[PDB]
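K.L.:
First the structure, which I've put down as C-alpha cells, then a few questions once you've had a look.
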Amino acid sequence: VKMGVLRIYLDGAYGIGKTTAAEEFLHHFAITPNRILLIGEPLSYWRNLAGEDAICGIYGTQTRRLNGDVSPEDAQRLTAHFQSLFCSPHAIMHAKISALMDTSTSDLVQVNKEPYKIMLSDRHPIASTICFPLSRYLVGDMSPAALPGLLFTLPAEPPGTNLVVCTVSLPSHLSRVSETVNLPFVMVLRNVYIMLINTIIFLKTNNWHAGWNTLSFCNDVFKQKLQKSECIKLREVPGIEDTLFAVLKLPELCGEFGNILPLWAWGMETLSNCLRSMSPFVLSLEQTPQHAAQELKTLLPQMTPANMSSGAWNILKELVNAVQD
Amino acid sequence: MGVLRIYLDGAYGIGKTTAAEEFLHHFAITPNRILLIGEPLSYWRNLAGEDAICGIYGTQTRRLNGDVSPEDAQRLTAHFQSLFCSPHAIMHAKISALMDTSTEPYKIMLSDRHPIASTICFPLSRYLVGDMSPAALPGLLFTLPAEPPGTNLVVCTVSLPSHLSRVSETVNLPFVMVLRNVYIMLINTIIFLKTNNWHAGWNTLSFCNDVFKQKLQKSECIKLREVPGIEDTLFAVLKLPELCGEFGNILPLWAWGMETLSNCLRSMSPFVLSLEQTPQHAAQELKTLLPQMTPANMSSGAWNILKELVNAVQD
Ligand SMILES: Nc1ncnc2c1ncn2[C@@H]1O[C@H](COP(=O)(O)OP(=O)(O)O)[C@@H](O)[C@H]1O
Ligand SMILES: O=c1[nH]c(=O)n([C@H]2C[C@H](O)[C@@H](COP(=O)(O)O)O2)cc1/C=C/Br
Ligand SMILES: O=c1[nH]c(=O)n([C@H]2C[C@H](O)[C@@H](COP(=O)(O)O)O2)cc1/C=C/Br
C-alpha cells in the first residue's frame, strides 16, 4: 500500500519571511489537495505553554536585564528556562511523525502511479534544541549549563530529513523585522545556521573528533566576530573550524587536561548521529515570494525521499489538522 | 546471553546507595556477574558550569529571604532541576543502543536511580510543593524516549521518623512528604497502566487543587494498592487546568504526550524494597526478588563494552 513522501523542514533566521514564502508555495502546487501537507509553527502553544509565554519571557528577560531589574547571572538562567519552552511542541510532533514513518528494509512488490506527497514543515526541532540556544550562548544571553540538556539528548533522526535553511541579504533582513531588533543576536543567528549546514556536510565524511585537538577553544574574541561580521562562510568542503563544533569546544565541557568529559562525548556522538542524517539545502528569500517558492520547487528532485504507509499519510493529515486547529 | 536491568530509586538520603553497594560486595564473588552504575554527582556538581544541587537548594533559601521574586524563584528552580536530566539520559540512551531487541546465572547490571527521577518524579514533587511552575512539565514528561523492554524499577522505602534522621541539602517535611507520595503514585501508575489506558476515569478525575497538594505535604496519604485506580496514580497530579482548554479538555499535543509518558511507565516492572533495617537485610531481600524481575537480552560482546564505558565514566 506504500508510497514515498518528501519530508521538508524549512528553517533559518526569524522575521526573514520563511512563513509567507512557505505558504505562497502551498497555494501554487496544492492544485491537487492530497499532494501536500503543511505544518505551521505552534505559536498557540508557545504563547501559552502550560502557563508561560515563551516568547514574551525570552525577550522580556533581556529588557529586565538591561534595566537591572534582575541579576545578569539570573537573567541567563532565566533565559535558559524560556528558551527551553519552545522544545516540547515541536518535539511531541516530530516524535509522533517518526512513528508513522515506514522503516522497511526491503524490495518493492508494486509501485504507486502518483507523484510523491510532500509534507512541508515550519522549522525543525534542532532550531529550539540547538540553533537558538546556541545563539543565545554566543551572544552571552544564556549560560552553557543548558546545552547538554538540549544538544546531547537528541532522538534518532529518521532517514529523509531535508533541512532548507532560508537566507536573506543583511540590510533587507533588518527591515523584515522592524520582539527586538539587535544586530548582535541576528548576526550570530545567521552565522550559526550557516555553521549548522557546514556541520551536516562535514559530518557526512569525517567524525566529530577530527581536528578537535586543533580546534581553538571558544573565546570571547571568537564570539565578538560572530556578532559583527557574519564571517562563517558556507563552503564546498567544510573543515572542523567551519562547523558548530567550533562553538562546542568549551572549557566547561572539558576536564583538567583539556579533554571533553566522557558523557559529553557520548553526547557529541548522538548530536552527530542526528545532524548527519540530514540533507542540507539553502534557499534565498531575497525576492518575490513567487520566485522563492519556484526555486524551492527546482530542489524537490534533489531531496532525499522517505517511505510511509498510504494509510498513515491520511492519519498524519488528520492529526496535523487536529492540532493546527 | 540474558542480563538483568535493575534501577534502584525512591526518596533521597534514605540510604539507597550504601545499601545498593552492600549488595555488590556480597554477590560479586564472581567479578563479571554484576555491573554497578552510580549517580553522576561529578556532573551534577559541575554541569557545564553550574552546580545543579546547590542551585536547586540555594534558590529556595534565596526565595525565603526575598532575595528574589517567588515568580522567578520558580522559573529559576525549573532551570536547575532540569540540569539533573542530561547525565542520566546520555547514559540510558547509550545503554538502550547496546540492547539486543531481536525476536543459568544472568548478569545483573544495577543502576542508581532511573531517568524518570529527574524527568518526572522530582520535577513533579517540586510542582506539588509549589517550588516550581508547571510550565516545565511538558518538556520533561511528554518528551520521554521509548523505554526498552526489561526495566526493573525498585522503589526503596523507609519509615517516616527514620527517614528524617538519615538526612539530618535541607530537611523540610513538605517536600519529603510529597516525594514519598509521588513515588508511591508512580508505582500505582505503572500497574494501572498495565491494564487500562490513561484516558480511563480522566473525566472523573477532579483537577489538581491546593487542597490536594496540602494533603500530599502532610499525611503521606497515597497508599500503594493491589488494583490501582486513576486517582491513585500520577494522572491525579497531571490533570492540570494549565494543560486543558476552555471546555476543560486536555489540549491535543499534551494528549499525545500523555501517550508517550504512558508508553514509557507501562513497560516497567515495579518492585518495592524496604530499607528499614541493616544493609545486609535490605540487600538479601533484593536478592529474593531477582527471580521475579523481567530479563532482557544483549550481546555478550556488548556487555564487555558497556562495562568499559561504565568504568570509563564512573572514574
Ligand atoms: N540502613 C541504614 N542504617 C543506618 N544508617 C544508614 C542506612 N543506610 C544509609 N545510612 C546512612 O544515611 C546516609 C544517607 O544514605 P545514602 O546511602 O547516602 O542515601 P541515598 O542513596 O539516598 O543517597 C549515609 O551516609 C549513611 O551513613
Ligand atoms: O527556539 C526558539 N527560540 C525562540 O526564541 N524563537 C523565537 C523567534 C521568534 O521571535 C519567534 C518565532 O517566530 P519565527 O521564527 O517564525 O519568526 O520565537 C523560536 C524558536 C524556535 C522554535 Br523550534
Ligand atoms: O532530579 C533530581 N533532582 C534533585 O534535586 N536531586 C537531588 C536530591 C539530592 O539532594 C541529590 C542526589 O542525591 P541522592 O538522591 O542520591 O540522595 O540531588 C536528584 C535528582 C534526580 C536525579 Br536523576
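Quick note on naming: the chains in the C-alpha cells go A, B, ... in the order shown, residues restart at 1 in each chain, and ligands are numbered from 1 in order of appearance.
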Once you count only C-alpha atoms and all ligand atoms, which residues end up within 6 Å of ligand 3, and could you hand them over as an MDAnalysis selection string?
P.N.:
chainID B and resid 12:13 53 81 84 113 115 117:118 122 169
K.L.:
Using only C-alpha atoms and all ligand atoms, find each protein or nucleic acid residue lying at most 10 Å from ligand 2; present the set as JSON, numbers by chain.
P.N.:
{"A": [11, 12, 13, 14, 15, 16, 17, 18, 19, 20, 40, 41, 42, 43, 46, 47, 54, 55, 56, 57, 58, 59, 79, 82, 83, 84, 85, 86, 87, 88, 89, 90, 91, 122, 123, 124, 125, 126, 127, 128, 129, 130, 131, 132, 133, 134, 135, 136, 177, 179, 180]}
K.L.:
Report the distance between atom CA of residue A:77 and atom CA of residue B:60 in Å, rounded to one decimal place.
P.N.:
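Between these atoms lies a distance of 15.0 Å.
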K.L.:
Could you pull out the residues sitting within 7 Å of ligand 1, using only C-alpha atoms and all ligand atoms, and write them as a PyMOL selection string?
P.N.:
chain B and resi 11-19+166-167+275-279
K.L.:
Can you build me a table of chain B residues sitting at most 6 Å from chain A, with the closest atom pair per residue and its distance in Å to one decimal, using only C-alpha atoms, sorted by chain and residue number, as CSV?
P.N.:
residue,atom,partner,partner_atom,distance
B:47,CA,A:145,CA,6.0
B:48,CA,A:145,CA,4.4
B:49,CA,A:252,CA,5.6
B:79,CA,A:81,CA,5.5
B:86,CA,A:149,CA,4.9
B:135,CA,A:50,CA,4.4
B:139,CA,A:88,CA,5.0
B:242,CA,A:50,CA,4.9
B:243,CA,A:50,CA,5.7
B:313,CA,A:262,CA,5.7
K.L.:
Enter the distance from atom CA of residue A:310 to atom CA of residue B:199, in Å, rounded to one decimal.
P.N.:
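Interatomic distance here is 28.1 Å.
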K.L.:
For residue B:232, work out the shell of residues within 8 Å, counting only C-alpha atoms and skipping chain neighbours fewer than 4 positions away, then give it as a ChimeraX atom specification.
P.N.:
/B:185,188-189,222-224,228,236
K.L.:
Have a look at A:303, A:247, A:197, A:316 and name the one nearest to residue A:276; count only C-alpha atoms.
P.N.:
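Smallest distance to residue A:276 is found for A:197.
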K.L.:
Hey, what's within 6 Å of stretch 290-296 of chain B if we count only C-alpha atoms and toss same-chain stuff fewer than 3 positions away? As a ChimeraX atom specification, please?
P.N.:
/B:2-4,150,287
K.L.:
Applying 12 Å and only C-alpha atoms, which residues near residue B:111 remain after dropping the ones on its own chain fewer than 6 positions away? List them as a PDB file with N, CA, C and O atoms, in the first residue's frame.
P.N.:
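Dumped everything to selection_1.pdb:
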ATOM      1  N   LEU B   4      20.087  -8.464  33.486  1.00  0.00           N
ATOM      2  CA  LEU B   4      19.003  -8.066  34.364  1.00  0.00           C
ATOM      3  C   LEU B   4      19.115  -6.589  34.723  1.00  0.00           C
ATOM      4  O   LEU B   4      19.836  -6.219  35.659  1.00  0.00           O
ATOM      5  N   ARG B   5      18.406  -5.742  33.976  1.00  0.00           N
ATOM      6  CA  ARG B   5      18.444  -4.301  34.231  1.00  0.00           C
ATOM      7  C   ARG B   5      17.624  -3.917  35.451  1.00  0.00           C
ATOM      8  O   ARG B   5      16.398  -4.063  35.470  1.00  0.00           O
ATOM      9  N   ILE B   6      18.314  -3.427  36.475  1.00  0.00           N
ATOM     10  CA  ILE B   6      17.649  -3.050  37.704  1.00  0.00           C
ATOM     11  C   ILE B   6      17.990  -1.635  38.121  1.00  0.00           C
ATOM     12  O   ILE B   6      19.143  -1.324  38.441  1.00  0.00           O
ATOM     13  N   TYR B   7      16.969  -0.785  38.112  1.00  0.00           N
ATOM     14  CA  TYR B   7      17.111   0.604  38.504  1.00  0.00           C
ATOM     15  C   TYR B   7      16.544   0.766  39.915  1.00  0.00           C
ATOM     16  O   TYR B   7      15.387   0.425  40.199  1.00  0.00           O
ATOM     17  N   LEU B   8      17.381   1.284  40.799  1.00  0.00           N
ATOM     18  CA  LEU B   8      17.023   1.469  42.195  1.00  0.00           C
ATOM     19  C   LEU B   8      16.707   2.939  42.499  1.00  0.00           C
ATOM     20  O   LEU B   8      17.601   3.786  42.499  1.00  0.00           O
ATOM     21  N   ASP B   9      15.440   3.235  42.768  1.00  0.00           N
ATOM     22  CA  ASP B   9      15.024   4.603  43.059  1.00  0.00           C
ATOM     23  C   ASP B   9      14.349   4.804  44.410  1.00  0.00           C
ATOM     24  O   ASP B   9      14.444   3.964  45.298  1.00  0.00           O
ATOM     25  N   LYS B  16      19.694   4.464  49.821  1.00  0.00           N
ATOM     26  CA  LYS B  16      19.623   3.530  48.700  1.00  0.00           C
ATOM     27  C   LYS B  16      20.953   3.358  47.982  1.00  0.00           C
ATOM     28  O   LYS B  16      21.042   2.645  46.995  1.00  0.00           O
ATOM     29  N   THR B  17      21.991   4.010  48.477  1.00  0.00           N
ATOM     30  CA  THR B  17      23.296   3.881  47.852  1.00  0.00           C
ATOM     31  C   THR B  17      24.193   2.996  48.709  1.00  0.00           C
ATOM     32  O   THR B  17      24.845   2.091  48.191  1.00  0.00           O
ATOM     33  N   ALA B  20      22.901  -0.228  48.219  1.00  0.00           N
ATOM     34  CA  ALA B  20      22.992  -0.734  46.858  1.00  0.00           C
ATOM     35  C   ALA B  20      24.413  -1.210  46.636  1.00  0.00           C
ATOM     36  O   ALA B  20      24.685  -1.984  45.725  1.00  0.00           O
ATOM     37  N   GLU B  21      25.319  -0.722  47.474  1.00  0.00           N
ATOM     38  CA  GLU B  21      26.717  -1.104  47.391  1.00  0.00           C
ATOM     39  C   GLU B  21      26.918  -2.392  48.188  1.00  0.00           C
ATOM     40  O   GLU B  21      27.571  -3.326  47.722  1.00  0.00           O
ATOM     41  N   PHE B  23      25.238  -4.586  48.397  1.00  0.00           N
ATOM     42  CA  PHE B  23      24.661  -5.666  47.623  1.00  0.00           C
ATOM     43  C   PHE B  23      25.665  -6.110  46.585  1.00  0.00           C
ATOM     44  O   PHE B  23      25.614  -7.230  46.095  1.00  0.00           O
ATOM     45  N   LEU B  24      26.583  -5.216  46.249  1.00  0.00           N
ATOM     46  CA  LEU B  24      27.603  -5.505  45.257  1.00  0.00           C
ATOM     47  C   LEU B  24      28.759  -6.282  45.887  1.00  0.00           C
ATOM     48  O   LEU B  24      29.285  -7.220  45.289  1.00  0.00           O
ATOM     49  N   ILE B  34      28.236  -8.886  37.795  1.00  0.00           N
ATOM     50  CA  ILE B  34      27.462  -7.714  38.165  1.00  0.00           C
ATOM     51  C   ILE B  34      28.157  -6.396  37.841  1.00  0.00           C
ATOM     52  O   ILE B  34      29.371  -6.239  38.033  1.00  0.00           O
ATOM     53  N   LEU B  35      27.371  -5.443  37.353  1.00  0.00           N
ATOM     54  CA  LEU B  35      27.895  -4.138  36.980  1.00  0.00           C
ATOM     55  C   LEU B  35      27.130  -3.006  37.651  1.00  0.00           C
ATOM     56  O   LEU B  35      25.915  -2.906  37.486  1.00  0.00           O
ATOM     57  N   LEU B  36      27.826  -2.147  38.393  1.00  0.00           N
ATOM     58  CA  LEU B  36      27.147  -1.035  39.060  1.00  0.00           C
ATOM     59  C   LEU B  36      27.393   0.323  38.416  1.00  0.00           C
ATOM     60  O   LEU B  36      28.491   0.640  37.961  1.00  0.00           O
ATOM     61  N   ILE B  37      26.351   1.132  38.398  1.00  0.00           N
ATOM     62  CA  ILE B  37      26.431   2.456  37.825  1.00  0.00           C
ATOM     63  C   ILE B  37      25.939   3.436  38.872  1.00  0.00           C
ATOM     64  O   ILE B  37      24.743   3.482  39.163  1.00  0.00           O
ATOM     65  N   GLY B  38      26.843   4.227  39.436  1.00  0.00           N
ATOM     66  CA  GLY B  38      26.432   5.176  40.464  1.00  0.00           C
ATOM     67  C   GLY B  38      25.968   6.538  39.967  1.00  0.00           C
ATOM     68  O   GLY B  38      26.270   6.932  38.828  1.00  0.00           O
ATOM     69  N   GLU B  39      25.234   7.259  40.821  1.00  0.00           N
ATOM     70  CA  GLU B  39      24.739   8.590  40.468  1.00  0.00           C
ATOM     71  C   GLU B  39      25.921   9.437  40.019  1.00  0.00           C
ATOM     72  O   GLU B  39      26.982   9.413  40.639  1.00  0.00           O
ATOM     73  N   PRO B  40      25.758  10.186  38.922  1.00  0.00           N
ATOM     74  CA  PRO B  40      26.840  11.023  38.400  1.00  0.00           C
ATOM     75  C   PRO B  40      26.998  12.384  39.072  1.00  0.00           C
ATOM     76  O   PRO B  40      26.906  13.421  38.411  1.00  0.00           O
ATOM     77  N   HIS B  88      22.149  11.364  33.307  1.00  0.00           N
ATOM     78  CA  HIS B  88      21.403  10.128  33.343  1.00  0.00           C
ATOM     79  C   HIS B  88      20.842   9.709  32.009  1.00  0.00           C
ATOM     80  O   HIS B  88      20.736   8.516  31.735  1.00  0.00           O
ATOM     81  N   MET B  91      23.557   8.458  29.264  1.00  0.00           N
ATOM     82  CA  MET B  91      23.831   7.090  29.670  1.00  0.00           C
ATOM     83  C   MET B  91      22.730   6.154  29.204  1.00  0.00           C
ATOM     84  O   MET B  91      22.915   5.363  28.286  1.00  0.00           O
ATOM     85  N   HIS B  92      21.582   6.236  29.849  1.00  0.00           N
ATOM     86  CA  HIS B  92      20.452   5.390  29.488  1.00  0.00           C
ATOM     87  C   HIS B  92      20.252   5.246  27.976  1.00  0.00           C
ATOM     88  O   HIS B  92      19.976   4.152  27.485  1.00  0.00           O
ATOM     89  N   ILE B  95      22.966   2.910  26.586  1.00  0.00           N
ATOM     90  CA  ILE B  95      22.625   1.560  27.002  1.00  0.00           C
ATOM     91  C   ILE B  95      21.476   0.960  26.180  1.00  0.00           C
ATOM     92  O   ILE B  95      21.504  -0.217  25.822  1.00  0.00           O
ATOM     93  N   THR B 151      12.832  -3.124  32.052  1.00  0.00           N
ATOM     94  CA  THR B 151      13.227  -2.168  33.079  1.00  0.00           C
ATOM     95  C   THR B 151      12.606  -2.557  34.414  1.00  0.00           C
ATOM     96  O   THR B 151      11.381  -2.655  34.553  1.00  0.00           O
ATOM     97  N   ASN B 152      13.463  -2.793  35.395  1.00  0.00           N
ATOM     98  CA  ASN B 152      13.006  -3.151  36.722  1.00  0.00           C
ATOM     99  C   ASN B 152      13.236  -1.961  37.654  1.00  0.00           C
ATOM    100  O   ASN B 152      14.359  -1.603  38.010  1.00  0.00           O
ATOM    101  N   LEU B 153      12.140  -1.321  38.014  1.00  0.00           N
ATOM    102  CA  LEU B 153      12.202  -0.178  38.883  1.00  0.00           C
ATOM    103  C   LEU B 153      11.992  -0.668  40.312  1.00  0.00           C
ATOM    104  O   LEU B 153      10.953  -1.254  40.638  1.00  0.00           O
ATOM    105  N   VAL B 154      12.988  -0.443  41.159  1.00  0.00           N
ATOM    106  CA  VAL B 154      12.887  -0.849  42.552  1.00  0.00           C
ATOM    107  C   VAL B 154      12.818   0.386  43.442  1.00  0.00           C
ATOM    108  O   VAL B 154      13.839   0.988  43.744  1.00  0.00           O
ATOM    109  N   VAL B 310      31.073   2.187  31.271  1.00  0.00           N
ATOM    110  CA  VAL B 310      30.650   2.491  32.627  1.00  0.00           C
ATOM    111  C   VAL B 310      31.851   2.786  33.500  1.00  0.00           C
ATOM    112  O   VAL B 310      31.829   3.693  34.333  1.00  0.00           O
ATOM    113  N   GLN B 314      32.651   6.304  35.306  1.00  0.00           N
ATOM    114  CA  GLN B 314      32.470   6.209  36.736  1.00  0.00           C
ATOM    115  C   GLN B 314      33.789   6.300  37.486  1.00  0.00           C
ATOM    116  O   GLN B 314      33.871   5.899  38.650  1.00  0.00           O
TER     117      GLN B 314
END
K.L.:
Looking only at alpha helix (DSSP H) from DSSP on the backbone, list the matching residues of stretch 167-227 of chain A as an MDAnalysis selection string.
P.N.:
chainID A and resid 170:176 183:205 220:226
K.L.:
Name the residues of stretch 167-310 of chain B that come out as strand (DSSP E or B) in a backbone DSSP run; write them as an MDAnalysis selection string.
P.N.:
chainID B and resid 244 250 269:274 296:297
K.L.:
Any chance you can output those residues with N, CA, C and O atoms as a PDB file, in the first residue's frame?
P.N.:
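Listing of part33.pdb after writing:
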ATOM      1  N   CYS B 244      -5.285  21.983  29.992  1.00  0.00           N
ATOM      2  CA  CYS B 244      -6.589  21.811  29.364  1.00  0.00           C
ATOM      3  C   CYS B 244      -7.074  23.114  28.761  1.00  0.00           C
ATOM      4  O   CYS B 244      -6.570  24.179  29.091  1.00  0.00           O
ATOM      5  N   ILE B 250      -7.987  18.150  27.812  1.00  0.00           N
ATOM      6  CA  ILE B 250      -6.536  18.252  27.759  1.00  0.00           C
ATOM      7  C   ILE B 250      -6.138  18.543  26.310  1.00  0.00           C
ATOM      8  O   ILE B 250      -6.495  17.802  25.408  1.00  0.00           O
ATOM      9  N   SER B 269       8.656  -2.804  35.225  1.00  0.00           N
ATOM     10  CA  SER B 269       8.290  -3.859  36.157  1.00  0.00           C
ATOM     11  C   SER B 269       8.614  -3.321  37.543  1.00  0.00           C
ATOM     12  O   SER B 269       9.767  -3.312  37.975  1.00  0.00           O
ATOM     13  N   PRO B 270       7.591  -2.863  38.254  1.00  0.00           N
ATOM     14  CA  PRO B 270       7.669  -2.290  39.596  1.00  0.00           C
ATOM     15  C   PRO B 270       7.906  -3.231  40.776  1.00  0.00           C
ATOM     16  O   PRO B 270       7.246  -4.260  40.914  1.00  0.00           O
ATOM     17  N   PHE B 271       8.830  -2.833  41.644  1.00  0.00           N
ATOM     18  CA  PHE B 271       9.149  -3.584  42.837  1.00  0.00           C
ATOM     19  C   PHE B 271       9.436  -2.629  43.969  1.00  0.00           C
ATOM     20  O   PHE B 271      10.063  -1.593  43.767  1.00  0.00           O
ATOM     21  N   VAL B 272       8.995  -2.991  45.168  1.00  0.00           N
ATOM     22  CA  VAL B 272       9.217  -2.169  46.357  1.00  0.00           C
ATOM     23  C   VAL B 272      10.170  -2.867  47.313  1.00  0.00           C
ATOM     24  O   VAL B 272       9.970  -4.030  47.668  1.00  0.00           O
ATOM     25  N   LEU B 273      11.204  -2.147  47.735  1.00  0.00           N
ATOM     26  CA  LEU B 273      12.210  -2.689  48.645  1.00  0.00           C
ATOM     27  C   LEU B 273      12.337  -1.806  49.888  1.00  0.00           C
ATOM     28  O   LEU B 273      12.613  -0.600  49.788  1.00  0.00           O
ATOM     29  N   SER B 274      12.146  -2.415  51.057  1.00  0.00           N
ATOM     30  CA  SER B 274      12.230  -1.689  52.322  1.00  0.00           C
ATOM     31  C   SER B 274      13.656  -1.574  52.842  1.00  0.00           C
ATOM     32  O   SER B 274      14.349  -2.579  52.987  1.00  0.00           O
ATOM     33  N   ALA B 296      16.317  -9.058  30.085  1.00  0.00           N
ATOM     34  CA  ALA B 296      16.462  -8.592  28.710  1.00  0.00           C
ATOM     35  C   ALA B 296      17.663  -9.281  28.098  1.00  0.00           C
ATOM     36  O   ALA B 296      18.513  -9.817  28.810  1.00  0.00           O
ATOM     37  N   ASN B 297      17.744  -9.252  26.776  1.00  0.00           N
ATOM     38  CA  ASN B 297      18.850  -9.904  26.089  1.00  0.00           C
ATOM     39  C   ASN B 297      19.828  -8.917  25.466  1.00  0.00           C
ATOM     40  O   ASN B 297      19.417  -7.899  24.903  1.00  0.00           O
TER      41      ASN B 297
END
K.L.:
Contacts of residue A:289 at 9 Å or less, counting only C-alpha atoms, minus same-chain residues fewer than 2 places along, as a short mmCIF file (atom, residue, chain, number, x, y, z; two decimals) with N, CA and C atoms, in the first residue's frame?
P.N.:
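Generated file (out_12.cif):
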data_model
loop_
_atom_site.label_atom_id
_atom_site.label_comp_id
_atom_site.auth_asym_id
_atom_site.auth_seq_id
_atom_site.Cartn_x
_atom_site.Cartn_y
_atom_site.Cartn_z
N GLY A 17 10.85 35.90 6.76
CA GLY A 17 9.74 35.69 5.85
C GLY A 17 9.59 34.27 5.34
N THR A 20 5.55 33.38 5.05
CA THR A 20 4.71 33.94 3.99
C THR A 20 5.23 33.46 2.64
N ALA A 21 6.42 32.88 2.66
CA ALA A 21 7.05 32.35 1.46
C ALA A 21 6.88 30.82 1.41
N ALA A 22 6.53 30.24 2.56
CA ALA A 22 6.31 28.80 2.68
C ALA A 22 4.84 28.51 2.39
N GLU A 24 3.00 30.69 0.23
CA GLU A 24 2.84 31.00 -1.19
C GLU A 24 3.27 29.82 -2.03
N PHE A 25 3.90 28.85 -1.38
CA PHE A 25 4.35 27.64 -2.07
C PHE A 25 3.25 26.59 -2.02
N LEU A 285 15.57 33.93 0.13
CA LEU A 285 14.29 34.61 0.17
C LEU A 285 14.46 36.07 -0.21
N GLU A 286 15.50 36.35 -0.99
CA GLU A 286 15.79 37.70 -1.43
C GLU A 286 15.11 37.97 -2.77
N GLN A 287 13.78 38.03 -2.75
CA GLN A 287 12.99 38.27 -3.95
C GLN A 287 11.51 38.05 -3.68
N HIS A 291 9.13 33.76 -6.68
CA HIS A 291 10.42 33.16 -7.01
C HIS A 291 10.89 32.19 -5.92
N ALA A 292 10.95 32.68 -4.68
CA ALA A 292 11.38 31.87 -3.55
C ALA A 292 10.78 30.48 -3.64
N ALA A 293 9.47 30.42 -3.84
CA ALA A 293 8.78 29.15 -3.94
C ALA A 293 9.13 28.39 -5.22
N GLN A 294 9.26 29.12 -6.33
CA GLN A 294 9.59 28.46 -7.57
C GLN A 294 10.94 27.79 -7.42
#
K.L.:
With distances taken over only C-alpha atoms, which residue among B:253, B:176, B:83, B:186 lies nearest residue B:126?
P.N.:
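Smallest distance to residue B:126 is found for B:176.
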K.L.:
Would you mind listing what lies within 9 Å of stretch 257-267 of chain B as number ranges by chain, with only C-alpha atoms counted and same-chain residues fewer than 2 positions away left out?
P.N.:
A: 92; B: 116, 138, 141-151, 186-187, 189-194, 197-198, 252-255, 269
K.L.:
Which of these, A:175, A:308, A:120, A:106, has the shortest distance to residue A:36 once you count only C-alpha atoms?
P.N.:
A:120
